[PDB]
Structure formats: structure tokens, C-alpha cells
2 protein chains.
Amino acid sequence: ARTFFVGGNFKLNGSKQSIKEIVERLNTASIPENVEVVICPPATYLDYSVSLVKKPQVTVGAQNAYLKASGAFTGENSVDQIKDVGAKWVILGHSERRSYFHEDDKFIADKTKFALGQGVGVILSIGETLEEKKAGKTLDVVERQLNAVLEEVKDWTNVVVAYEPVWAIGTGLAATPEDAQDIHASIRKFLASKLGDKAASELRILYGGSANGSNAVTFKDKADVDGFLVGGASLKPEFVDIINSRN
Amino acid sequence: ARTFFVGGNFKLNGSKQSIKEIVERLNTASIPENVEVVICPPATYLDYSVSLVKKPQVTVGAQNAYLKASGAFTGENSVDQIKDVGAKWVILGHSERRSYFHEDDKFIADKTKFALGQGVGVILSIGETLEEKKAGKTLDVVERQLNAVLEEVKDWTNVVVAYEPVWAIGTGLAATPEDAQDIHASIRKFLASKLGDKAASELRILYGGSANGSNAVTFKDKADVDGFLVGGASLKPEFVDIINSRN
Ligand code: NA
């Protein structure tokens, strides 16, 4: 069975004190043995975050990295420096980077191949805009973004896909569980045609976009929804309730 | 007179072991009483670097930051998070960001205004390419880049300017101290016309080309060269010789 996966994207938020609060809560509150939790703080706090974790269910991820490990790339993060301080994952292709930071499908693909090759897992984000959805192109869009990665990446063992409707980000407007389920099923079937049935059956496809403590349990029986990429709620006590939503 | 300023841009290079050797070496080194040294490691190592610093003349800086302090900006660094960990500076407008990551002139200006308003110093990078130099565009380029910042910020008390002869990178040209002095003098004179004579006479203008332990001394008597923004030599023992180059 696909292990339930809950990622926490802090985005540009946090401090040493607030993150110490977040990690101590995870360390001391009841969470399942049967869960894979990955908290993704700002790069400034990756080292400190890893240093605080006291549950094996919880590891730390970066929110972005470059497609080279070293060199004259002032301002970038490196998967090697992520590993050096003990983190194990990176988010690649978040809509905020695709939209505001010029990261096209191929850049995301090249970064994904590179990260995986350096032994870092990838939380790969995909998702359609409200105009694209209204146009009926949700599947065409996520297939396109996935196709770019499929071009470069043959082995998805250490990839987790985060499907995030762009209009669902920061607006409080979550996809319905039925809709996310139908979409995840479609995505899984498309990936089966490329990666094969077994790989598609093992790949976690997460839902992201206004996921929170109240609505996480509404997704509990959606078979193709394997977890969440949590945004704002990952900074809050209810992140624990999301983690336990399939308890 | 203007205080000698030496910044060390690590770029995408470093590990916790490098950081320890580099900072402990600075801690016990004999350097001038009044030099101002800023080491700028990957964001991943900002926290750890500040924790190891004991030299009063040494502070820690980031290599880039966004133009807001918090929010839904996955993958970015924040000046408030830089401050939280005890760092004090940020490099903005490095040629590697202007080129590879499409950071436009106003983007740099908006970041500069924002960082200074948050109480973080700015190492403001400017510089023209080989193509621009060969077209006689050197001052048009730097004045454009500086004008964009001046549109947003006129109090440059907490700014140092780093001139990068991008035209000397890999091109088979070398920028000489004489070249540095001439361009710096022109830059200072332009900025006097915008900021006033007193501000311009206090502003540090750093040579941000290839400087090392061997050649840093050849800039020692150039009146308008007030220090360095050093690249690869930041990670090496000779970073100390650069700091001591005007003894
Ligand atoms: Na997210």
C-alpha cells in the first residue's frame, strides 16, 4: 500500500522560535507510525529544523534547489548542501516558482533529474490555472508538465507528485474530494501508460491547495489521493490533525 | 576616510566543514582594527556561520533575498529570516542573478529599498558585459542600473556598491587596478550628482572582479577602490591576505 505522505511547505514563513514550536509539537504529539511527514522550511532554517526532529516519520525538505550542485550561481540552493545538513527532499516546480520565477517545464524536469541523481527525493508540483480549468484543459496541462519530466526521468521511486490547483492556493477554495479523486485517478492512469502499472500504483499523488485540519478528513476514502502538500496550515497546530486525518 | 570593506561571495559553494574552517580562521587571524568584513555563504549555512563568528569586524550576509519579508513565495529567502539568524547583509543584483534568473533593474531596486527598510545592509552589484564594453556602453549600463535603485532609494548609508567587470569573465581580458580606479571614480562622480558630494564620498565602491591574495595588494593605492567583493578566494586561507592587503 502507498504510504500516506504529508508535506508541509512553510513557504516564505517561519523563524527559529516558531519552527522550534512546530517541530516540538510533532515530536510530542501523537502521530501514526504509518506516515511519512516532510516539513519544508525556508533554506535559512533547514539545518536547525533537522537538528530538532525526534521522530523517524519526520524528515526535512528544501523548497527549491538548482540543477547544479556547485559553482557560480549566487543566491541558489544546492542539493548537496541540503544533504550536508541532513535534509532529504526538495520541492520542485511549485506554481509560485513556475509563475513568478520563470521556471518552465524543462527547467523543472532538469532539476528533477538532477536532484534524484544526487539522492534527494523530489516533491514534484503540478497544477492548472482557473482559466485552464474553465477551458476544460486541466488534464492537458498536468499531462504537459508531467511529460516534460518523463522526458528526463525514467525512475520515479523517490518522486512524490503534488497536484495543486493554482486557484486553490491561498484563497481558501479547496478542490472537492470527489473532484481531486477523479483528477488523481486520471493522472495515475496517464502515468501508468508511461511508467508502467506497478510504478504508477506505488507513486504517491498528493493533493495541495487550501488543505487544512477541517477538510483533510473529507479526503480520507479517496483512494487515489495519497496525502497532502500543506501550505499555510503547516505552520499551525492543525498540521497534526492533517497528519492524523486517516487515523 | 572610507572604511575598507571586504565581502566574500561563496556563491554555490561550501559545507558545514568549510564554514567552520573559514570562520575559525577569521576568528583568530590578525586583521586591521577597522576593516569591515562580510562573509556570504549559501542560505543553508547562514545560521551556522553566525553561530561561529567571534571577530567584531566580521558579519554574515546572504546572497539574495526577495522583496517581501513573508508570504507565499516558495523557494525564496527573506531579509527578516536573515536577521532572525543574526546575519546583517544581503547581496542584490549579482550578475549571475541578473542574467540566469532574469532579475531586472527595478526588481533589484525594489529588493534594495525593502532590505534597507528592514535594517539589513545591501551589497549592491552592478556591471557591464563584454558586448556592452565593446559598444562603449559601460557608463550607460551602470548608470541605468544605479538609476533604477535611486528611483526607489536615496539613503545609501547602509549600501556598499560592488562593480563587477562581467566583461573580464572567461573572455581573455583582465581588469586592471587602473581600470578599476577609473570606473569607480566615474561611478562615484555620477552618484555625487544624485546623492550629493558627502554621501558619494562616504559610499564604499568595491572591486568585484577576480581578486585574490596575490593581486589584492595591487589595488591598495587606488583612491576610489574601497574594498572587494571576492569570489572563490572567500573559501580559501588567502581571504585573510586580501583583508590584510592594505597593511
Ligand atoms: Na504547497
Side-chain angles (χ1 to χ4, degrees), chain A residues 9-19 40-49 51 62-66 68-87 90-103 107 125 169-171 229 231-232 235, chain B residues 9-19 40-51 62-66 68-87 90-103 107 125 164 169-170 229 231-232:
Chain A
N9 183 5
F10 292 4
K11 303 188 179 185
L12 197 64
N13 299 278
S15 64
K16 290 187 76 161
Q17 288 283 323
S18 69
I19 288 178
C40 301
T44 300
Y45 304 118
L46 290 161
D47 179 10
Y48 188 56
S49 300
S51 81
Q63 295 175 14
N64 185 40
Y66 191 51
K68 293 280 165 43
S70 74
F73 305 107
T74 296
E76 283 309 288
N77 307 314
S78 177
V79 296
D80 284 354
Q81 305 168 348
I82 295 162
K83 292 186 296 160
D84 185 39
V85 309
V90 57
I91 306 179
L92 300 172
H94 196 280
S95 74
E96 289 147 22
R97 309 217 52 92
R98 296 182 189 258
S99 58
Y100 310 136
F101 301 99
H102 317 289
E103 307 208 0
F107 194 45
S125 175
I169 303 178
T171 55
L229 187 55
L235 301 169
Chain B
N9 184 9
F10 288 30
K11 305 188 184 185
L12 195 62
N13 298 282
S15 69
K16 284 188 77 161
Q17 185 51 239
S18 311
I19 294 300
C40 308
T44 301
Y45 299 127
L46 292 170
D47 185 9
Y48 186 59
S49 303
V50 173
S51 73
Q63 289 171 24
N64 188 42
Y66 185 60
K68 296 250 184 285
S70 72
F73 305 107
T74 301
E76 288 302 288
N77 305 315
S78 166
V79 297
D80 276 8
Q81 306 178 157
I82 288 166
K83 279 196 303 204
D84 181 48
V85 306
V90 63
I91 300 173
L92 302 173
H94 193 277
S95 62
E96 288 149 17
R97 303 224 54 92
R98 293 185 185 262
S99 62
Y100 305 151
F101 307 102
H102 315 291
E103 301 203 8
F107 195 43
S125 298
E164 270 182 276
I169 308 170
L229 181 62

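Each chain gets a letter, A, B and so on, in the order the sequences are listed, and its residues count up from 1.
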**Study point:** Mutual orientation of the aromatic rings belonging to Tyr100(A) and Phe73(B) [parallel < 30°, tilted 30-60°, perpendicular > 60°]
**Key:** tilted

Check your understanding: What residue in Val90(A), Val85(A), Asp47(A) has the most heavy-atom pairs under 4.5 Å with chain B?
Key -> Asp47(A)

Practice item. Answer yes or no: does atom NZ of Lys83(B) have more than 12 heavy-atom neighbours from other residues, nucleotides or ligands under 6.0 Å? Key: yes

Practice item. Find the one option among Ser125(B), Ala72(B), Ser78(B) whose heavy-atom pairs under 4.5 Å with chain A are most numerous. Key: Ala72(B)

**Study point:** Interchain contact, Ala65(A) with chain B, by part (heavy-atom threshold 4.5 Å)
**Key:** neither

Review point. Is it true that atom CD of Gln17(B) has more than 12 heavy atoms of other residues, nucleotides or ligands lying nearer than 6.0 Å?
Key: yes

Point to revise | Region of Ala87(B) in contact with chain A, defined by heavy-atom distances below 4.5 Å | key: neither

Check your understanding: What do the steps show when you test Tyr45(A) against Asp84(B) for side-chain contact (heavy atoms from CB on, under 4.5 Å), and what is the final call?
Key -> CA-CA 10 Å; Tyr45(A) 304 118; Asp84(B) 181 48; 2.8 Å; yes

Check your understanding: Which atoms of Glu96(B) come close to chain A, meaning under 4.5 Å heavy atom to heavy atom: side chain ones, backbone ones, both, or neither?
Key -> side chain

Review point. For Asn13(A), is it the side chain, the backbone, both or neither that has a heavy atom under 4.5 Å from a heavy atom of chain B?
Key: both

Review point. Any salt bridge between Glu76(B) and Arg97(A), counting N to O under 4.0 Å?
Key: yes

Practice item. Quick one: which of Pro42(B), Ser95(B), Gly71(B), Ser70(B) has the most heavy-atom pairs under 4.5 Å with chain A, could you say? Key: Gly71(B)

Practice item. Can you see which heavy atom on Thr44(B) is nearest to which on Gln81(A), and at what distance? Key: CG2-O, 3.7 Å

Study note, to complete from the structure: The reported gap from OG1 in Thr74(A) to CG in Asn9(B) (rounded to nearest 0.5 angstrom) is 4.0 Å

Point to revise | Closest non-hydrogen atom pair between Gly75(A) and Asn77(B), with its separation | key: O-ND2, 4.3 Å

Review point. With only heavy atoms counted, which part of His102(B) is less than 4.5 Å from chain A, the side chain, the backbone, both or neither?
Key: both

Review point. Would you call the rings of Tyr66(B) and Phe101(A) parallel, tilted or perpendicular if under 30° counts as parallel and over 60° as perpendicular?
Key: perpendicular

Practice item. Mind ranking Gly231(B), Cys40(B), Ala43(B) by heavy-atom pairs under 4.5 Å with chain A and telling me who comes out on top? Key: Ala43(B)

